[PDB]
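A closer look at the structure
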Amino acid sequence: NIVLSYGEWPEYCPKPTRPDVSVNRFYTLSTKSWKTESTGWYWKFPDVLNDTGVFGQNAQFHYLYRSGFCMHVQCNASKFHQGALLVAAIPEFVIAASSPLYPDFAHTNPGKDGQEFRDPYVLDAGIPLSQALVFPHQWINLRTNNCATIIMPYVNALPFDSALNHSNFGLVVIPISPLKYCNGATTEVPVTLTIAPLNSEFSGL
Amino acid sequence: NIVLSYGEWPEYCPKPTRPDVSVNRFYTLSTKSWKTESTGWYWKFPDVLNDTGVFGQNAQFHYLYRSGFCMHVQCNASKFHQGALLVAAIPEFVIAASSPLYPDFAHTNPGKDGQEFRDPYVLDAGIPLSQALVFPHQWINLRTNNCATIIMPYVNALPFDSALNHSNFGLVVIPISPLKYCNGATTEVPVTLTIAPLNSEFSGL
Amino acid sequence: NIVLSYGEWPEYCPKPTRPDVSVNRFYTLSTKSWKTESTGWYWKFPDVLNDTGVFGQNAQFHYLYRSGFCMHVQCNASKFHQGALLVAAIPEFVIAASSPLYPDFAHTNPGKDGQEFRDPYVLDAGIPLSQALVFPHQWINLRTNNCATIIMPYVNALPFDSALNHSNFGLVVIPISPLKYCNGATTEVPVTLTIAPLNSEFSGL
Amino acid sequence: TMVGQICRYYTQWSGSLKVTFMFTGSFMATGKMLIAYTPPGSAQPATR
Amino acid sequence: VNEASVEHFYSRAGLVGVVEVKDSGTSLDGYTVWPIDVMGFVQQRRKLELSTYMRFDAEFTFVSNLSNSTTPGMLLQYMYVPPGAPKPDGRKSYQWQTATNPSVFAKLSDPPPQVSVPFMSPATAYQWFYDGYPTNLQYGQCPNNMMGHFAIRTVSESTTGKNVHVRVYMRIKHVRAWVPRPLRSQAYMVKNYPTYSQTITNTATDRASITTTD
Amino acid sequence: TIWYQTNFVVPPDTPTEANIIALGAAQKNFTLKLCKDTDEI
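Residues numbered from 1 in each chain as written, not as in the entry; some residues may be left out. Chains lettered and ligands numbered in written order. Part of a larger assembly, values for the part shown. Heavy atoms only, no water.

Per the deposited record, determination of this structure is attributed to cryo-EM, with the resolution reported as 3.8 Å.

Time to look at the overall build of chain F. Looking only at helices and strands, one finds zero helices and three strands in chain F. Its helices and strands in sequence order give chain F the pattern β-β-β, from N to C terminus. Along the longest, intermediate and shortest principal axes, the C-alpha atoms of chain F span 55 × 30 × 15 Å. By the burial criterion, 27% of the 41 residues in chain F qualify as buried. (Helix = DSSP H or I, 4+ residues; strand = E, 2+ residues; numbered from the N terminus. Buried < 20%, exposed > 50% of the residue type's maximum accessible area, 1.4 Å probe, protein only.)

With that settled, the discussion passes to the arrangement of the chains. Summarising the chain contacts, seven pairs of chains touch, and the pair with the most contacts is chains D and F. Looking at chain A next to chain B, you find no contact at all, with the nearest C-alpha pair sitting 10 Å apart. (Contact = heavy atoms within 4.5 Å.)

This part covers the pattern of salt bridges. Tallying each qualifying case throughout the model produces 14 salt bridges over all chains. In this structure, C:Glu201 engages C:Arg18 in a salt bridge whose closest nitrogen and oxygen atoms are separated by 3.6 Å. For E:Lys173, the salt bridge identified is with E:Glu59, shortest N-O distance 3.3 Å. Exposure remark for E:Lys173: the relative accessible area of 18% places this residue in the buried category. On the basis of relative accessible area, E:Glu59 is assigned to the buried category, the value being 16%. (Salt bridge = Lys/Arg side-chain N within 4 Å of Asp/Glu carboxyl O.)

What follows is about the packing of aromatic side chains. How two aromatic rings sit relative to each other is given by the distance of their centres and the angle of their planes. This model, assessed by the stated rule, comprises 33 aromatic pairs over all chains. Look at B:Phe45 and B:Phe169: their rings are 5.1 Å apart centre to centre, the planes differ by 80°, and that puts the pair in the edge-to-face class. With respect to burial, B:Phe45 and B:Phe169 carry one shared label: buried. One aromatic cluster is present, built from ring pairs that chain together E:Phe60, E:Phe62, E:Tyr78, E:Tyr80 and E:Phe150. Stacked on the ring of E:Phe119, the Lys or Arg E:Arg55 has its end atom at 4.3 Å from the ring centre. (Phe/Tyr/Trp six-rings, centres within 6.5 Å; stacked < 30°, edge-to-face > 60°. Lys NZ or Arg CZ within 6 Å of the ring centre and 35° of its normal.)

Each side of the interface is counted separately: chain D has 37 residues, and chain F has 33 residues. With both chains or domains summed, chain D and chain F bury close to 3,400 Å², and 60% of this area falls on carbon and sulfur atoms. A salt bridge links D:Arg8 to F:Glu40; the nearest nitrogen and oxygen atoms lie 2.3 Å apart. Taken together, the links from chain D to chain F amount to 19 residue pairs in polar contact. The residue makeup of the side of chain D that touches chain F, split by class, is 19 nonpolar, 14 polar and four charged. (Buried area = accessible area lost by both parts, 1.4 Å probe. Polar contact = N/O pair within 3.5 Å; in protein donor to acceptor, adjacent residues only side chain to side chain. Nonpolar A, V, L, I, M, F, W, Y, C, P; charged D, E, K, R; others polar.)

Before going further, it helps to spend a moment on the sheet that holds strand β8 (residues 152-153) of chain E. The strands making up a sheet are joined through hydrogen bonds of the backbone, oriented either antiparallel or parallel. All names here are of chain E. Spatial ordering of the open sheet is given by β2-β8-β4-β5, a layout of four strands whose pairing is antiparallel. The open sheet has two free edges, formed respectively by β2 (31-32) and β5 (103-107), since each of these has just one partner strand. Summarising the sheet, strand β4 (residues 75-79) and β8 pair through two bridges and their orientation is antiparallel. Of the residues in β8, the one forming a bridge with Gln77 is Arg153. (Pairing = 2+ DSSP bridges.)

Attention now moves to the environment of A:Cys147. Residues and elements named next belong to chain A. With respect to the secondary-structure elements, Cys147 resides in strand β8 (residues 147-152). Of the residues examined, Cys147 reaches a relative accessible area of 38% and is grouped as partly exposed. When the C-alpha positions of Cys147 and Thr192 are compared, they lie 9.9 Å apart, and in sequence the two are 45 residues distant. Apart from the residues within four sequence positions on either side, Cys147 is in contact with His72, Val73, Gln74 and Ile140.

Each regular strand carries side chains that alternate between the two faces of the sheet. Residues and elements named next belong to chain B. With seven of its nine residues buried, strand β9 (residues 169-177) lies for the most part within the structure. By the bridge criterion, two bridges tie strand β4 (residues 41-42) to β9 in an arrangement that is antiparallel. Within the sheet, the bridge partner assigned to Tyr42 lies in β9 and is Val172.

Quick look at helix α1 (residues 53-61) of chain A now. Residue and element names in this part refer to chain A. Where α1 is concerned, the buried positions are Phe55, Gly56, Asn58 and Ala59. All buried residues of α1 lie within an arc of 160° about the axis, which places them on one face of the element. Buried residues belonging to α1 abut β2 (27-28) and β11 (198-203). (Arc of directions from axis to C-beta.)

Of note, C:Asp124 is situated in the loop between α2 (105-108) and β7 (137-141). Engagement of the side chain of C:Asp124 in a polar contact is seen with the side chain of C:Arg118, the distance being 2.5 Å.

If you look at the biggest cluster of nonpolar residues, it comprises 51 residues, and the most contacted ones within it are B:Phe93, E:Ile36, E:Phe60 and E:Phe150. Sorting the residues of this core by element identifies β6 (84-91) and β9 of chain B together with β1 (14-20), β3 (53-65), β4 and β9 (165-177) of chain E as the ones contributing at least two each. Residues in contact with E:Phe60, not counting those within four places in the same chain, are E:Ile36, E:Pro113, E:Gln114, E:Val115, E:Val117, E:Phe150, E:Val168, E:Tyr169 and E:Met170. (Core = buried A, V, L, I, M, F, W, Y, C linked by side-chain atoms within 4.5 Å.)

Looking now at the sheet that holds strand β9 (residues 169-177) of chain A. One open sheet accounts for four strands, arranged β4-β9-β6-β7 (chain A); its pairing is antiparallel. In the strand order of this sheet, the two ends are held by β4 (41-42) and β7 (137-141) of chain A, each with one partner.

Glancing now at unusual backbone geometry. Residues other than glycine predominantly adopt negative phi, and peptide bonds predominantly adopt the trans conformation. With an omega of 20°, the peptide bond between A:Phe45 and A:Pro46 qualifies as cis. Considering the arrangement of structural elements, one finds A:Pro46 in the loop between β4 and α1. The backbone phi angle of B:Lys44 is positive, close to 65°, even though this residue is not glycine. For B:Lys44, the location among the structural elements is in the loop between β4 and α1 (53-61). Even without a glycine there, the phi angle at B:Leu123 is positive, about 65°. Here B:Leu123 shows up in the loop between α2 (105-108) and β7 (137-141).

Spelled out as structure tokens, the structure:
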């Protein structure tokens, strides 16, 4: 039902301020449309929240922070659609470039609107997809469950690090088995995402 | 040493948010220079804090608030200067126009830089100055004490009211006995002010 | 108020004679005049007492001695003068020569009248002045305190040593912030010194 | 300083520092200085 | 020591305003509307501005008669339009009846009507000084002090030939005052604003020298 | 940074400019690591 990443609950690290209050509310990112031809998406937060809400007001004006995330992905489709998604949160996600030389900055930090994979088979990190299940993952299978939920604690070497440089991890949604629907059905099945940062901290205003 | 206005301490009124934290810090307004010719100043806050600091970030984005103020005025002058000031906090301070027709908006809400009186004798409200001691006041007398301190609670009919309209009260500094100094002494005696809002509240983001 | 050098009180070292009596009295050296242009002074005792008093009668006719000193420097100036002095007692103080070759003997043992620095910035020992606070020191600041007092025990490798050769340490007075005074005030601010040897001993008549 | 010199002998350091001011002016003088510190990730302030 | 109390100091009843119907001569209208203004007379105004916030119930009386000081029986309708309800257009307008407008039917022959108004304001007290704008004509105007208009008319059916004067008295009960204010030295210019004349008047009457007395 | 809050005020017959000196030091928790010889010389 819920996958705790690596079997732990995020927690404080015993003067850093604890905002609590209004940075604990859910944020609803724009809804991506999963077509029959579409392939993949990824986000790589702390990025996605840098502009939005009061959170971005904390992360831009503080020199250090600690945080943890609870992310919830759900997909609304009627029962006449098939297809399945893989949802995984892959820490320290470093992408690469194809050659016939470095990835453009739009590919490194997409922002709240995510990005499309160029080569989903290799994740565009070079590693195969067949093995990507080694990271915390959940199956969204359109004949069974429409929702996938993950709690990812704060994983990094240093206790604190800045939000504008090191992006703690990333998130992928890959339609492993493509979508097919009989004629007349709605053409696009929407995918939405929700993130609610847990136990955040900030320091160094 | 300290004058509690009307013999009370400001207090909360038993969901409005209590910011506490960083709106309890002192704010140091720009230093007015009191010359031999100069006459009067006034401020009329909640105004003065609308732009400054995190406070103005609360007061502009909230539809209602409650607050109370602790204000501290001190004047640095050597012992070869004479002259005296009157410092009073006059609630519900409504000014007027001279005739040979309403006061310009620059005179109603001066901002952080205060304003000069046109007619200090009548306060430019029409009431005489001789009686203005009926309000909470303190004497700054340059041969005795250089500091004057006041705590003014929240006085208004309604429990809450907005910061951009009703200015709860005002503050005056009038050099009743003019300044004289022998030749060679520093020409201007600076006046500074410090305000530290107490027990503030806000609601209706 | 008082700086014990290195956190100790001078003491005897358990047949050496203990004079006590009249070598425990204060000695008042001649009063140096600190001008606006003047820079620095130094003494380097046991030297200063070799001629004066009954002490010099002991130190010249004895082949070995042990001693400790209590030195007191005070500066009389009215309240219309500014400027500050640094007073430090620097053990094993060895001076140097400038080059375009050794320091003349008048610079090594000045006598009761002290000496002027050639280069106060480097102490004329080669070490910077900014760090000279590492030695026991006291600030004479003409708007606050007019007196500085030091107790320096007997610091040297051997238990005893002769007064005519090894000069146990030295003392500096450097006007770090120069003196300024408005026209008409007294032109020179006098500096005086007082030393009262403690727990002295002598041997080998 | 001192700490300035013997921190040239070590690759890494850490910890809080202390900075003290004195005023040499004459006993009569009077004024106000505003001493402001900026965290390391920002440019120095524009005006007070 | 009991005549210095704020309750006794505002006590006595006084003349708040004089209104006239005048339906006889060149003006045939036949009614009038009199918005309640406690400030009406500069004497009653200067005693109120002594205190900034005050909370009081009022009690009214209407002493009426013709232009002869002669009082024949003829009927009058005193209506009280509460704050926030529409005013009568003309002597026959349907507002003169409704329900919610409390009215007093009194002949002239009878001794004067009398009535007691409660405390009408939304805020816990009146404000005689309100800084700041209600939302430059606007500066310093209390929207919440309106007490109602006391519209009057003579029931007798059409065009009597009699102009009817009427006087209106007020007295303040149960008064409670808050933060005090110094009295006004300068003369008044207009009704709703403090604005004072350019030329200043001294508070004390001058004498010959700093020395001589009488 | 060091800002002037107010003008510098003095009675007559007084020097008009002062001088401020600063003193640096480290607190208790200051620590060092990994000895290395220096370039000062």
